[PDB]
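Breakdown of the fold
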Amino acid sequence: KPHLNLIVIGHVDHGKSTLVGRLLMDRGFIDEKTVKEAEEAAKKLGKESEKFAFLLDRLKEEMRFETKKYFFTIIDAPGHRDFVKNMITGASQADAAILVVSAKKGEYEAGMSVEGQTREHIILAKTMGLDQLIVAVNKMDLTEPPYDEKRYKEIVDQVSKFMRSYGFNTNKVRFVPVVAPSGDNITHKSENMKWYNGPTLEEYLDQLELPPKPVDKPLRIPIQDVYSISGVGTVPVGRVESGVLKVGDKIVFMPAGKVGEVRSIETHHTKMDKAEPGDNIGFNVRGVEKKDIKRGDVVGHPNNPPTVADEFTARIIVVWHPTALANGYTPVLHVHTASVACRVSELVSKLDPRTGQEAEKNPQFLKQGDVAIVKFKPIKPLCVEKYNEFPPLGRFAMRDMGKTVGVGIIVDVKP
Ligand SMILES: Nc1nc2c(ncn2[C@@H]2O[C@H](COP(=O)(O)OP(=O)(O)O)[C@@H](O)[C@H]2O)c(=O)[nH]1
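In what follows, the accompanying structure is described.

Observations concerning the overall build of the protein chain
Along the backbone of the protein chain there are eight helices and 24 strands. Once the C-alpha set of the protein chain is aligned to its principal axes, its extents read approximately 85 × 50 × 45 Å. Within the protein chain, the proportion of its 415 residues that are buried is 47%. By element, 50% of the accessible surface of the protein chain is carried by carbon and sulfur atoms, the whole surface being about 19900 Å². Distance between charge centres in the protein chain, computed from 60 positive and 56 negative side chains, equals 4 Å.

Here it is as structure tokens:
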């Protein structure tokens, strides 16, 4: 049963913590000590809802639940310390998201207003690649009249049109009318919204698709070493990061752009017919001059040559810097097997560390602790990919004086 990280987003007071708490109480693993104390509190008050009210506070003072197909771990939503940093470093990545939208009069409008967080979080979900966003139109009991289908449809339509106007796919976005406190249409069907003939929020979580497997992505093999075995020939060594390499395949070495053919493959001194992601292999290639192959280079199949960056844009965290970083700064970037000096060509903007939204356009310089969108221009041809396409070739460390000055995620590459 796959483990997925869930992020619950939406405007303040729309019902995020309540939904989260509802999911944990109904499908999580809260300790018996706390559970019994909650059930005890309910007794004393003589109100069933008190168990939930009690748990919510215990949760607040304090996050995993299980559905039919997955184990979900609710991670940090925006508005938190290190939110952007942890995503840049890979310390915490969101696999799925639930956008909570309040149907209550005025609340939905506030959330979708220019300054609202429904609009902000949808845009964030977009940059985060959360194409399978589940939208929980919450507080359905507070519409006028309660459980109003028209209010729900109006909201779905509006959020959907908005999503599309921002490139957000929509085909995999799912909406569900819900009531967080009671778990209506979340962990059980609602008997109050007979007009809704669709899946429960939990059922939608179980409908979530896992991301593409590296084996299904185009072949990428960062070169670690290259030898010329007497009698054998040119034999580069590297780990297959994506795709599949097979004896007889035609392959291209970038940045050189030289095509060759794979004559043999070996993992652990044992010959193989094909190599898959994760296999550290040595492969004999015919037709490519060893001169055109160096550590840091990347192999792919001719139809999908590894991207060579003329310029690339990255979201970075400045982990360490004694003074200030500015345009022209040229640290050595370590990405996959490569180590190349890259000149900071532009400081596009500083980001809010808690949210990920722009804080300042074109900062004059960056200081330790800053999160920003920066452009780099490699000093010599460098193979890199967008982190969201080929993760292993998309995260890098900026090194200087034996220290990691920063970590970055590649968001765009200019070939
Ligand atoms: N009637 C009603 N109240 C709700 C619903 N969802 C959350 N609330 C109430 O709305 C307020 C905000 O909820 P909360 O989960 O704390 O919002 P967050 O700021 O998004 O976490 C609290 O007073 C909740 O009990 C709902 O479906 N219907």
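Focus on the site of the ligand
For the ligand, the set of nearby residues contains 15 residues, the closest of which are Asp 13, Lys 16, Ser 17, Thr 18 and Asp 141. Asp 13 places a main-chain nitrogen or oxygen 2.7 Å from an oxygen atom of the ligand. Its free accessible area being 580 Å², the ligand has 69% of it covered by the protein chains. Looking at the shell around the ligand, the element that brings in the most residues is helix 1 (residues 16–27), giving three residues.

Description of unusual backbone geometry
Of the consecutive residues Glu 144 and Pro 145, the connecting peptide bond is found in the cis state with omega at 0 degrees. Going from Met 254 to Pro 255, the amide bond is cis rather than trans, its omega being 0 degrees. Note that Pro 255 resides in the loop between strand 10 (250–254) and strand 11 (258–267). Positive phi, normally seen in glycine, also occurs at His 269, with a value near 70 degrees. In this structure, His 269 sits in the loop between strand 11 and strand 12 (270–272). Even without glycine at this site, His 336 takes up a positive phi of about 45 degrees. Position of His 336 relative to the elements: it lies in the loop between strand 18 (332–335) and strand 19 (338–351). Taking relative accessible area as the criterion, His 336 reaches 22% and is therefore assigned partly exposed.

What about a negative patch on the surface?
Together, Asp 31, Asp 57, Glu 61 and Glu 62 line one region of the surface with negative charge. If you trace the backbone, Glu 61 turns up in helix 3 (residues 49–61). When its relative accessible area of 64% is taken as the criterion, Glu 61 is described as exposed.

What to know about the packing of aromatic side chains
The full count for this structure, using the stated rule, is nine aromatic pairs. Judged by centre distance (4.6 Å) and plane angle (35 degrees), the ring pair of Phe 162 and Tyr 166 falls under tilted. Among the residues examined, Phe 162 registers a relative accessible area of 9% and is labelled buried. Residue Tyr 166 is classed as partly exposed on the basis of its relative accessible area, which comes to 40%. Ring plane angle 20 degrees and centroid distance 5.1 Å describe the contact between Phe 312 and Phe 376, whose orientation is recorded as stacked. Taken as a pair, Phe 312 in strand 17 (residues 311–318) and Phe 376 in strand 21 (residues 371–378) lie far apart in primary sequence, 64 residues in all. Accessibility assignment for this pair places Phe 312 and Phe 376 in one class, buried. Here the aromatic cluster, defined as three or more aromatic residues joined through ring pairs, consists of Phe 65, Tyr 70 and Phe 72. Cation over ring: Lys 1 sits above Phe 71, and NZ or CZ is 5.8 Å from the ring centre. Just above the ring of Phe 390 sits the side chain of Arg 220; from NZ or CZ to the centre is 4.1 Å.

Rules used in this analysis
- The numbering scheme restarts from 1 for each chain and tracks the written sequence of that chain rather than necessarily the entry's numbering. Residues without coordinates are not displayed.
- Calculation of side-chain values draws on the structure's entire complement of heavy atoms; hydrogens and water are dropped beforehand.
- Each helix is a run of DSSP H or I of at least 4 residues and each strand a run of E of at least 2, with the numbering of both proceeding from the N terminus.
- For every residue, the accessible area obtained with a 1.4 Å probe (protein chains only) is divided by the maximum for its type, and the residue is called buried under 20%, exposed over 50%, and partly exposed between those limits.
- Throughout, the Shrake-Rupley method with a 1.4 Å probe supplies accessible areas, and for residues the shown protein chains are the sole cover considered.
- Counted as positive: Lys and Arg. Counted as negative: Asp and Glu, with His and the chain ends omitted from the count.
- Charge placement uses NZ in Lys and CZ in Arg. For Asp and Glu, CG and CD serve respectively.
- Here a residue is considered near a molecule or strand provided that any single heavy atom belonging to it is located within 4 Å of it.
- Definition of a polar contact: a pair of N or O atoms within 3.5 Å, with one able to donate and the other able to accept a hydrogen when the atoms are protein atoms, and with sequence-neighbouring residues admitted only if both atoms are side-chain atoms.
- Here the term patch refers to residues with relative accessible area over 30% and no salt bridge, with like charges joined within 9 Å and nonpolar side chains (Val, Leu, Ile, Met, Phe, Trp, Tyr) within 5 Å.
- Each salt bridge in this description consists of a side-chain nitrogen of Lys or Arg and a carboxyl oxygen of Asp or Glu lying within 4 Å of one another.
- The aromatic pairing rule takes the rings of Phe, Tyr and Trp, using the six-membered ring of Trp, and pairs them if the centres are within 6.5 Å, calling planes under 30 degrees apart stacked, those over 60 edge-to-face and the rest tilted.
- Whether a charge sits over a ring comes down to the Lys NZ or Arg CZ being within 6 Å of the ring centre and within 35 degrees of the ring normal.

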